[PDB]
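>>> An experimental structure, sequence included, is below.
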Amino acid sequence: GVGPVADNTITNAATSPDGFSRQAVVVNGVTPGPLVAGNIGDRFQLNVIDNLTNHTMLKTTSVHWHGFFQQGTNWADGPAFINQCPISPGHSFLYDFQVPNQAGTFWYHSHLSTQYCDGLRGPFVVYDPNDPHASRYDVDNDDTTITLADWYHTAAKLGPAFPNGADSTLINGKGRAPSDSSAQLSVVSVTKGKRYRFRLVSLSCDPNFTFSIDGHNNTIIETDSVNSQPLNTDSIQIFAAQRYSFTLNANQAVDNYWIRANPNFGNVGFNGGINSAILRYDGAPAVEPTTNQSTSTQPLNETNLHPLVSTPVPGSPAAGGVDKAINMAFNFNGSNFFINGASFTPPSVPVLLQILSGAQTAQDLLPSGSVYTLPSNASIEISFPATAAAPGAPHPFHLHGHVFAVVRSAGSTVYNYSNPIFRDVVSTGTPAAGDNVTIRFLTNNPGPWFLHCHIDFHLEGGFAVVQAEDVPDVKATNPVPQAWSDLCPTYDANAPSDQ
Ligand SMILES: *[C@@H]1O[C@H](CO)[C@@H](O[C@@H]2O[C@H](CO)[C@@H](O[C@@H]3O[C@H](CO[C@H]4O[C@H](CO)[C@@H](O)[C@H](O[C@H]5O[C@H](CO)[C@@H](O)[C@H](O)[C@@H]5O)[C@@H]4O)[C@@H](O)[C@H](O)[C@@H]3O)[C@H](O)[C@H]2NC(C)=O)[C@H](O)[C@H]1NC(C)=O
Ligand SMILES: *[C@@H]1O[C@H](CO)[C@@H](O[C@@H]2O[C@H](CO)[C@@H](O[C@@H]3O[C@H](CO)[C@@H](O)[C@H](O)[C@@H]3O)[C@H](O)[C@H]2NC(C)=O)[C@H](O)[C@H]1NC(C)=O
Ligand SMILES: *[C@@H]1O[C@H](CO)[C@@H](O)[C@H](O)[C@H]1NC(C)=O
Ligand SMILES: *[C@@H]1O[C@H](CO)[C@@H](O)[C@H](O)[C@H]1NC(C)=O
Ligand SMILES: [Cu+2]
Ligand SMILES: [Cu+2]
Ligand SMILES: [Cu+2]
Ligand SMILES: [Cu+2]
């Protein structure tokens, strides 16, 4: 829609995606924000204009472009106090980066506190003119992007620290809450006889969703920005921050069909058309579907996903057969999450600025115990053993600046060192199954990269660490613009009520 070169204006506005009016953080007037798009090889120049006025939802902001490597532009990655100080109200900041070696489905969101739950989130697509999946579909545009979101009637800072589900699931920005069962539902239009590349994006801040379309099967062709071999499914459980592209063939009778996105907790099911949208074939009447849900007989299993092209797993085919192995031991005390004994507290000086100011060892870098220094050009293995010590399972963990191989998926005891799927957000599963979800990546990208649970309320509680990669090369590799250098002084000069 907008981009690669565009203004993104951030404001507070009244919205009613489920008929319930509340103040939210919006992008160019809307939540979810507009589709940002471009092509592989593009330079993106996204000018984020901070016109926020509401301290409760934060007047400052910082935008993360989810899934992008940001090689040589660590400064524009987004996480507050990791890669930048927040943009201040009444100021603008230009995110200027390239996407030379990636295509697929991404998203953007505030990476400051829990601000993205309040509305600052939208889809981001990078098209491939030579897309290897192009022969599998006919249509791929603005109207084939499907966004999923949890929506709350009480703002992130005003409700419980860990809410027990959303008031409504939104599909393409609309959904129903119990307060209004006649609220406008989103309609996705299809012309019979065409195949559509639907890009499913979870903008969720907490819950995962089990996505299905009545009377239609789906062919998965992309997993978080990674091209997969075609996998036919009839349902997709999608965790917060994950993406899938699936091909839908509009080959059924001209009719209305229920699109379903059932959350794992909160208001579950479909009473009164909650958790629902409409698949309308051209020529079908402007009414609700009356189609019935069928049992999923081909649900998506992550272990069934494999890259479209041969993609070697970092290291050697053995447990710990890497240059560096890291285990993440989880703890939770009622209010804060801990990884290996440390609950993340954002430092005063952004980690990247600390590095630029000379800090290159874990010892010198702040916060103490939360920063892991990684060797350059090395294979890394990280395990996230599921434990009842950290409730809120299944936790979807996300690694910035990298795609990783999922050598062991949730609900599986298999270690796949041959052809596992690569992605950027992974469910760590449940302690009930004795899950030990394990990932592998190569250190090809100098800079500090955030590694955290993508349930934003959990991130807020400190469920995060920093992977500081190739620290002695970070400054030379990531030259910073004057505008970036100016962010921290401006932010630190703010009255705390203007934050
Ligand atoms: C900054 O942002 C924060 C967070 O978004 C705002 O916090 C809100 O604070 C107020 C208290 O001042 C709370 O108000 C409560 O709202 C309850 C629900 O209100 C809805 O339902 C009402 C009955 O149907 C309806 O009248 C009301 O509409 C009105 O308010 C809307 C905005 O909320 C507005 O868009 C409409 O035009 C209309 O004026 C709501 O739809 C209500 O039941 C309580 O009695 C109480 O009034 C809010 O809950 C807080 N919001 C959230 C999301 O948590 C804060 O106001 C913002 N500051 C400024 C200056 O805007
Ligand atoms: C989506 O994929 C599923 C799973 O492959 C398909 O379900 C299959 O549908 C066929 C045809 O409807 C079923 O076979 C038929 O069964 C009925 C009743 O037993 C019988 O009367 C017919 O003669 C025929 O054999 C099949 O059982 C079923 N498979 C499973 C495992 O559920 C579905 O058709 C696909 N949907 C579309 C629209 O492509
Ligand atoms: C949890 O631990 C943090 C320190 O990391 C502390 O600030 C907080 O008070 C604790 N909360 C409890 C005891 O629930
Ligand atoms: C998970 O895997 C790591 C590394 O292989 C291992 O050290 C750890 O003990 C495992 N945890 C569990 C609970 O299986
Ligand atoms: Cu993200
Ligand atoms: Cu990210
Ligand atoms: Cu979590
Ligand atoms: Cu992040």
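Great, that's in hand. Residues are numbered from 1 along each chain as shown. Ligands and ions are numbered 1, 2, ... in the order given.
>>> other SSEs contacting the strand ranked longest in the chain?
The longest strand of the chain (DSSP state E) is strand 5-15. Where contact means 3 or more CB pairs under 8 Å, 6 or more residues apart in numbering; DSSP states H and E, strand 5-15 is packed against strand 22-27, strand 43-50. All C-beta spots, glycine's among them, are computed from the backbone N, C-alpha and C.
>>> Let me see the contact set for residue 3.
Contacts for residue 3 (CB atoms under 8 Å, 6 or more residues apart in numbering) come out as 36, 37, 38, 44, 46.
>>> hmm, 6 Å instead?
Residue 3 sits next to 36, 37, 38 when contact means CB atoms under 6 Å, 6 or more residues apart in numbering.
>>> So which residues on this protein come close to ligand 6?
For the chain, the residues in contact with ligand 6 (CB under 5 Å from the ion) are 66, 400.
>>> how about 6 Å then?
Residues of the chain lying close to ligand 6 (CB under 6 Å from the ion) are 64, 66, 398, 400.
>>> Of those residues, which ones also sit close to ligand 3?
Contacts with ligand 3 are made by none of those, judged by CB under 6 Å from any ligand atom.
>>> Taking those residues, tell me the two that lie furthest apart.
64 and 398 (9.9 Å; CB to CB).
>>> Tell me who's in contact with residue 145.
By CB under 6 Å, 6+ apart, the contact set of residue 145 is 35, 123, 199.
>>> Against residue 448, how distant is it?
Noted for residue 145: a distance of 31 Å to residue 448, by CB to CB, to the nearest Å.
>>> circling back: just the contacts of residue 145: which are in strands?
Using DSSP E, the contacts of residue 145 in strands are 123, 199.
>>> give the contact list for the residue of the stretch 251-400 of the chain found nearest ligand 7.
In the stretch 251-400 of the chain, the residue that lies nearest ligand 7 is residue 395 (3.6 Å; CB to the ion). Applying CB under 6 Å, 6+ apart to residue 395 gives the contacts 428, 453.
>>> try 8 Å this time
Neighbouring residues of residue 395 by CB under 8 Å, 6+ apart: 384, 386, 427, 428, 453, 455, 458, 463.
>>> And residue 299, by the same measure?
When contacts are counted by CB under 8 Å, 6+ apart, residue 299 touches 233, 234, 235, 236, 237.
>>> just to revisit the earlier point, tell me which of the contacts of residue 395 is nearest to ligand 6?
Proximity of the contacts of residue 395 to ligand 6 was ranked by CB to the ion; the top entry is residue 453 with 12.2 Å.
>>> Quick check: the residue of the stretch 251-400 of the chain found nearest ligand 1 vs residue 308, distance?
Nearest residue of the stretch 251-400 of the chain to ligand 1: residue 266, at 16.8 Å (CB to the nearest ligand atom). Look at residue 266 and residue 308: by CB to CB, they are 35 Å apart.
>>> For these two, indicate the residue with more neighbours.
Taking neighbours as other CB atoms under 10 Å, residue 266 and residue 308 compare with residue 266 leading, 19 against 15.
>>> Setting aside sequence neighbours, what's the nearest residue to the more buried one?
Take residue 266 and drop its neighbours on the chain: the residue closest to it by CB to CB, 6 or more residues apart in numbering is residue 165, 1.9 Å away.
>>> All set, thanks.
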